[PDB]
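Here's a solo chain for you in structure tokens, the form deposited in one PDB entry.
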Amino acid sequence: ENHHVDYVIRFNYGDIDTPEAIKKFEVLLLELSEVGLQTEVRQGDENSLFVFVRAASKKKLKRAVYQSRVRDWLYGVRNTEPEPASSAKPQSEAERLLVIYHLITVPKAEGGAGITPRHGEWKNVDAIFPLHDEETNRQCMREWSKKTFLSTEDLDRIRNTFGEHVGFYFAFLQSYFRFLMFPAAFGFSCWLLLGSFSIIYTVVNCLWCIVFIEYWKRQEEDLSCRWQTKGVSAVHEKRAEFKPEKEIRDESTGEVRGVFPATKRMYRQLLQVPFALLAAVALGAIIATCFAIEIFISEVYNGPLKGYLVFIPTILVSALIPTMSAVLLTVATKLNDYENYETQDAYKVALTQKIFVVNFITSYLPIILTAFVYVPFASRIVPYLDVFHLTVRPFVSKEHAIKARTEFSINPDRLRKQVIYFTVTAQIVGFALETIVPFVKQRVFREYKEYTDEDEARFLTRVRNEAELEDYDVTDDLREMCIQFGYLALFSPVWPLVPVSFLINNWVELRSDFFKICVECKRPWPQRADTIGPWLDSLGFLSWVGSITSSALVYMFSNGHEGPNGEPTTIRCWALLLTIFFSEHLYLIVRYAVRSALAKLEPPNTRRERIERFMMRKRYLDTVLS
């Protein structure tokens, strides 16, 4: 059905001249041939060729699979001795696709073709992608669209098709959804019986966050042992953009390495603090200014055309936060390049960590402003917001803009409504923008280009369609789930139905993300992983911060949703600070206890890998060494 194709290499010739294009193309085909791959060339687009790649021989494929397993075993990623090369069948499609992707991409000295798409020698090579297995995808979709949980076999199927990175994301999402049943039930019970800002709800929520994060750390270790990816960072793919200072030739492996001093990278990484403060200043200024405009227009201004003026600050936020975030991403990418980052995974993790500052600010600063600035203050702030009358000025006359004043009277519903927005309406709108609109845009751009050799015209047209799809990044889905967890950990006392909303959304999220991968994206090459990465630390940080924000909220809103109704008088600053101190330190103590208790419970795959290391050394001692 896929015509035995392993990868499609898109070669762009449009932006270069014919002689250089022919020379580069011959070099590409020669490298593919010399690394043991069989090529077939077809017209991809009007400006690109498709190089269809396949293992030239079953013997060569078995040899490459055996060498990959041997490298994994030598670097300690697996403990079982690699089976001989005559029995070296790829145990899944993910393994064959990974071996062939390495053959295509790892440098010539490392034993492959050095095709680095969108790099120096290969800027014409635009994309290297495998083909979706449409029947398997549709079977999986229809099968687990009718179940509650995905089986371990279902997760293994995802890993065997898309690799362990996508597999880890779906395993984490399934575990998060399963753990969300407890806070969903408990928060519905509290919303029914206690209402919001309940001490018991906040305590149970912090305890649940602790338990889920520690359980997932343990489960990640177990799953990386079960998928044979534990310690996979030892064989992390180098990135071709790495600028070494000196070239050293280690004696263990007869190769030059290209060393770069770690302390120099740390000096360059000192610039992350100024970047973080820049992003905080810019994004917080935009967000707080738009919040002040929103407050003025919606609650201080009392002139004509109030809806058409209250839609102003939401528009300005929706236009300016994406733009400022794109600028900050450009700055973060330039800083990530300045830091040298030998490996692609280190580069990706560092960029994700820089972007997490922007994510935190843009996701949580609105609710933080409403909760800890608008509610306690803003009876002392709205006198300073008369200056924002000019935002309404190009619509209303100067006198009508001035005589539009009212008793402020803080809206005791503002905070609950903002939390309900971010945890329900944002979820629905994000589902729409994430699955529906890209799908419709793809179908529209297809029928636009489709409206205005005979035996492979269908396969070739569907390959040309797959070539237009988006490049899936599992980091985006992990980011979304971690930001959602942050909402739960930080602001769930305001509205205890947040975990119910997240439970429903995450059941739908598993299926809709799998659909997006299979239908709206090119099939990702089966990248490996032994963890969700920096997102685990992000979740730990968010739960820590939530122990502070939730206790502050429970203190401030003890008397109800109004709490300090605009005045900071009722808030005793020592009692708020003492609440925060004891809550955060009870949190840290309970987290230490839970982590230490879970460290005493070794999971089965972890214990099996330890015993297997022992058994491998015993086999070595029994065969050689007498």
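Just so we're on the same page, rigid core means the largest C-alpha set that superposes within 1.5 Å between forms. Numbering starts at 1 and follows the sequence shown.
Here the subject shifts to the form deposited in another entry, a form of this protein not shown in this document.
Enquirer: With the two forms fitted on the rigid core, I'd like to know which residue in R96, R157, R528, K354 is displaced by 2 angstroms or more at its CA between the shown form and the other one.
Expert: Of all the options, the C-alpha that shifts by at least 2 Å belongs to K354.
Enquirer: For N605, is the C-alpha shift between the shown form and the other one 2 Å or more after core superposition?
Expert: Yes, the C-alpha moves 2 Å or more.
Enquirer: Relative to the superposed rigid core, does the CA atom of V594 travel 2 Å or more between the shown form and the other one?
Expert: No, shifts by less than 2 Å.
Enquirer: Once you overlay the rigid core, does the Cα of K147 travel 2 Å or further between the shown form and the other one?
Expert: It does not reach a 2 Å shift.
Enquirer: In that other deposited form, the Cα separation between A326 and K516 changes by 3 Å or more relative to the shown form; did it shrink or grow?
Expert: Distance between the C-alphas of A326 and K516: shorter in that other deposited form, by 3 Å or more.
Enquirer: Relative to the form shown here, do the C-alpha atoms of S318 and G546 sit closer together or farther apart in that other deposited form, given a change of 3 Å or more?
Expert: Compared with this form, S318 and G546 lie closer in that other deposited form.
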